[PDB]
Each structure stands twice: as structure tokens, then as C-alpha cells.
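Colleague: Count along the sequence shown from 1, add 336, and you get the number used in the entry's author numbering.
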Amino acid sequence: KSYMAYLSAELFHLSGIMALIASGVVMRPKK
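1. Looking at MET354: is its Cβ nearer than 8 Å to the Cβ of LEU347?
2. If I measure Cβ to Cβ from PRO365 and keep anything under 7 Å in the same chain, skipping five residues before and after, which residues do I get?
3. Going by DSSP in three states, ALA355 sits in which element: helix, strand or coil?
4. When DSSP labels each residue in this structure, what does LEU343 get in the three-state scheme?
Below is the structure:
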């Protein structure tokens, strides 16, 4: 319960920031 069990319980706790977390942090890292 230490993975897909927890991260799946903290993706809406910030309805507003999490919905953009990815839509507001994309650039050109390319790693």
C-alpha cells in the first residue's frame, strides 16, 4: 500500500492545482 495505493489518494486533494500540475509545468526538459 506504498505506491499506487497512496498516490491514488492524493491527486484531487488540491482540486485546482493538481488539475494543472501537469498543465502548468510542461517545458522542454528532455531529461
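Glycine is no exception: its CB is placed at the ideal position from the N, C-alpha and C atoms.
Modeller: Taking the structure as given:
1. Inclusion of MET354 and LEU347 in the CB contact set at 8 Å is warranted, their separation being smaller than that value.
2. The answer is none, since no qualifying residue turns up.
3. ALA355 sits in coil when the DSSP states are folded into three classes, being neither helix nor strand.
4. DSSP places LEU343 within a helical segment (H, G or I) once states are collapsed to three.
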